[PDB]
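Examining the three-dimensional arrangement
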Amino acid sequence: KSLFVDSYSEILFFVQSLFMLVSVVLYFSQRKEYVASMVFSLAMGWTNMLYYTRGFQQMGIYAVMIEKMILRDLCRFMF
Amino acid sequence: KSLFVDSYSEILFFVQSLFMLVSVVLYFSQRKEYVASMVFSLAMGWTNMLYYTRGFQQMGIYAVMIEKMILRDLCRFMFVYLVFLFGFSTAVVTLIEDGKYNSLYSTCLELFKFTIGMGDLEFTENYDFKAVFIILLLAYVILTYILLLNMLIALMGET
Amino acid sequence: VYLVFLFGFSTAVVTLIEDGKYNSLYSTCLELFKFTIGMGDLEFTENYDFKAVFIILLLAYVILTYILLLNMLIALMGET
Amino acid sequence: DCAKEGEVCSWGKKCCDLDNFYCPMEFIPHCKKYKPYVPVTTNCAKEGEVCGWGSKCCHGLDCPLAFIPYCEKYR
Amino acid sequence: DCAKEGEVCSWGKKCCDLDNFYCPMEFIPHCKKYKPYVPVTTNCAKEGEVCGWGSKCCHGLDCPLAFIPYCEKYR
Ligand SMILES: CCCCCCCCCCCCC(=O)O[C@@H](COC(=O)CCC)COP(=O)(O)O[C@H]1[C@H](O)[C@@H](O)[C@@H](O)[C@@H](O)[C@@H]1O
Ligand SMILES: CCCCCCCCCCCCC(=O)O[C@@H](COC(=O)CCC)COP(=O)(O)O[C@H]1[C@H](O)[C@@H](O)[C@@H](O)[C@@H](O)[C@@H]1O
Ligand SMILES: CCCCCCCCCCC(=O)O[C@H](COC(=O)CCCCC)COP(=O)(O)OCCN
Ligand SMILES: CCCCCCCCCCC(=O)O[C@H](COC(=O)CCCCC)COP(=O)(O)OCCN
Ligand SMILES: CCCCCCCCCCC(=O)O[C@H](COC(=O)CCCCC)COP(=O)(O)OCCN
Ligand SMILES: CCCCCCCCCCC(=O)O[C@H](COC(=O)CCCCC)COP(=O)(O)OCCN
């Protein structure tokens, strides 16, 4: 219930960690594909900076509005 | 704090004057760079014509609305936009070290072009990690172009 | 307001780069107008003298006109 | 006049002869000499192998646009 | 098979060889033959005369982009 309805930020930080570990596993197995797992963990990482917008009122409310825009409007349009 | 929040037009006219004086100094020092100063004066000097829109009610209110759009809406947009741009730029440069994407500056420009509707989703080049590149670019385009850029229009409507 | 911004940045660009499609106010005005309707020409294949000052002017122009003023026009029509 | 190799370009000064040197796009670019076209050799993927996912193909093949593209002869 | 000159093209049927074929953009197009090419004959404007407003320069010259342009010996 709360693994998908709530607590998104915990999931996103966890998934970043999983991509890092898969990169390490591929690194020591002699595969170039470890680059592909690496960059996703990088590209997610700079997005998770938005977690810290709380603690500032205007940016915090802006980030909450972005969350609701993704979950309400974009998810029907893409279908 | 007063300058940081009030009397913006005085700052803009003063900065125009500073560019002019630096241009004169570079002129008499036997440099070619003075032109680079001079144009920054000139491009400012025309925009400060909007100072005179006061004295006409309709254009004056229009200019005040421009002022509040710049400070309230655009300043919040650009912070998040720059964070997303820099993140995906670093990822793309890491993935593809060669050809339009061997530096942060070039990659930042090529990603910036997508927002203004003149992108380059061609994929004719022979890169090592094509088909990961496509996924990253599609994710970037969906996040910036469709979501954020229209959200700016919605917020400007509310404001 | 749009023509004020257009003429200002057009004069600056023509002064900076005297040749190669930007040798007149008419040509430069048209080339900058093309950015408004989303078919610009940001290639930068040319070997100009003051490139990297040219780019700053074009980025400033694009942010001022395309992102700010046009979306503001849409907002004001919605209000009207 | 023109700027030679190793000198700062594009801040009001072009590079010298452009069949030999170029000014890159790096916000304080220096004139650099061109580099030769080394042909592709081993470490490439061969015909019928999975191209795109971390391994390009050698000269005589094309890598199509597909989710799992395989290099093939193009006629 | 291919369509010959005068037949309707693009509704599931291409015309024959390219040296004598162009299917126009007309919504019921017909295969047409390329006409020969003639250079700009007389009635053109001369160098130093106004171009654009109802008169075009001859092939040795070019008309620049301006409000009241004039034919010039380009290059
Ligand atoms: C390469 C591919 C990149 C993909 C990146 C995709 C965009 C990420 C955007 C940045 C996400 C960071 C973040 O800050 O995540 C946001 C939400 O994520 C999303 O925008 C959609 C994720 C899908 C806040 O998550 P939060 O933990 O605060 O959840 C809230 C609870 O705290 C609170 O108690 C309330 O119950 C509230 O109802 C809960 O929601
Ligand atoms: C390369 C170069 C390009 C840069 C061009 C940048 C845009 C220029 C646009 C033209 C601006 C000229 C102008 O008209 O000035 C604007 C200021 O520019 C801005 O809006 C933001 C600049 C960022 C209004 O300043 P104003 O003096 O009216 O301030 C008000 C007080 O007077 C009043 O008493 C109240 O206290 C009120 O709360 C105050 O706000
Ligand atoms: C508002 C719209 C913005 C769109 C354009 C964004 C361009 C930003 C470039 C970011 C960057 O990271 O720019 C690098 C750092 O320099 C600067 O540019 C400082 C000024 C940047 C101030 C933020 C480029 O330096 P470089 O030597 O070429 O690095 C290449 C290493 N081989
Ligand atoms: C959000 C914006 C979306 C724009 C991009 C949409 C691209 C989707 C392609 C659809 C497709 O249907 O993709 C085909 C099926 O395979 C997959 O790709 C499964 C993985 C895809 C997970 C959905 C491609 O397969 P193929 O072998 O190359 O087909 C060629 C036969 N000779
Ligand atoms: C929604 C976006 C619309 C953009 C496309 C508009 C196309 C309509 C062209 C109008 C026209 O003028 O089309 C004429 C007739 O064709 C038709 O079009 C019939 C259908 C018209 C019913 C609507 C041209 O005549 P023609 O034979 O095709 O060409 C020879 C000419 N010498
Ligand atoms: C609404 C959207 C507008 C976008 C296009 C704007 C183009 C107008 C250019 C303005 C200009 O400033 O145009 C110059 C002055 O002439 C005129 O055009 C007078 C008529 C202008 C009426 C104001 C060009 O003259 P020129 O001879 O070619 O100067 C080059 C010397 N070597």
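Residues numbered from 1 in each chain as written, not as in the entry; some residues may be left out. Chains lettered and ligands numbered in written order. Part of a larger assembly, values for the part shown. Heavy atoms only, no water.

A few points about the overall build of chain C
If you tally the helices and strands in chain C, you get 3 helices and 0 strands. Start at the N end of chain C and walk to the C end: the helices and strands fall as α-α-α. The 80 residues of chain C split such that 49% are buried. Considering only contacts in chain C between residues 6 or more positions apart, those separated by 24 or more positions represent 55%. Roughly 3800 Å² of accessible area belongs to chain C as shown, and the carbon and sulfur atoms make up 64% of that amount. (Helix = DSSP H or I, 4+ residues; strand = E, 2+ residues; numbered from the N terminus. Buried < 20%, exposed > 50% of the residue type's maximum accessible area, 1.4 Å probe, protein only. Contact = heavy atoms within 4.5 Å. Areas by Shrake-Rupley, 256 points an atom, 1.4 Å probe, with all protein chains shown as cover.)

A short note on the arrangement of the chains
Where the 6 pairs of chains in contact are concerned, the greatest contact count is recorded for chains B and C. A gap remains between chain A and chain E, with no contact made and the closest C-alpha atoms lying 34 Å from each other. Taking C-alpha atoms as the reference, chain D and chain E come no closer than 20 Å and do not contact one another.

Quick look at the UniProt feature "intramembrane region" in chain C
Those residues carrying the UniProt feature "intramembrane region" are residues 22-44 of chain C in this numbering. Counting secondary structure, residues 22-44 of chain C comes out at 52% helix and 0% strand; the distance between its end C-alpha atoms is 13 Å. (UniProt positions renumbered as here; feature names shortened; annotations may be inferred.)

A word on unusual backbone geometry
Positioned with a positive phi, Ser7(A) is a non-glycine residue whose angle comes to about 60 degrees. With respect to the helices and strands, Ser7(A) occurs in the segment before α1 (8-28). Residue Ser10(D) is not a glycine yet carries a positive backbone phi of 75 degrees.

A closer look at the interface of chain B and chain C
Each partner contributes residues to the interface: chain B has 31 residues there, and chain C has 30 residues. When the two sides are added together, the surface that chain B and chain C hide from each other amounts to roughly 3000 Å², 87% of it contributed by carbon and sulfur. Counting across the interface, chain B meets chain C through 0 salt bridges. Applying the counting criterion to the chain B and chain C interface returns 1 residue pair in polar contact. Residue assignment for the side of chain B that touches chain C shows that the elements contributing at least two residues are α3 (34-47), α4 (57-95), α5 (104-115) and α6 (133-158) of chain B. Ranked by the residues each element gives to the side of chain B that touches chain C, the list is headed by α3(B), at 9 residues. Considered class by class, the residues forming the side of chain B that touches chain C number 25 nonpolar, 4 polar and 2 charged. (Buried area = accessible area lost by both parts, 1.4 Å probe. Salt bridge = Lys/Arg side-chain N within 4 Å of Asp/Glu carboxyl O. Polar contact = N/O pair within 3.5 Å; in protein donor to acceptor, adjacent residues only side chain to side chain. Nonpolar A, V, L, I, M, F, W, Y, C, P; charged D, E, K, R; others polar.)

Section: the state of the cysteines
Within this structure, the stated rule accounts for 12 disulfides over all chains. Residue pairing for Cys9(E): its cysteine sulfur links by disulfide to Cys23(E), the two sulfurs lying 2.0 Å apart. The disulfide joining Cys9(E) to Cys23(E) has a torsion of about 100 degrees about its S-S bond and is therefore right-handed. Of the residues examined, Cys23(E) reaches a relative accessible area of 27% and is grouped as partly exposed. Paired through a disulfide, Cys44(E) and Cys58(E) show a sulfur-sulfur distance of 2.0 Å. Where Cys44(E) bonds to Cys58(E) through sulfur, the torsion about that S-S bond is close to -90 degrees, and the disulfide is left-handed. Here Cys44(E) and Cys58(E) have matching classes, each one buried. This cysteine, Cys75(B), is not joined by any disulfide, and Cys108(B) carries the nearest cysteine sulfur, 20 Å off. Of the residues examined, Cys75(B) reaches a relative accessible area of 48% and is grouped as partly exposed. A disulfide-free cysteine, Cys108(B) has its sulfur positioned 18 Å from the sulfur of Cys23(D), the nearest such atom. (Disulfide = S-S within 2.5 Å.)

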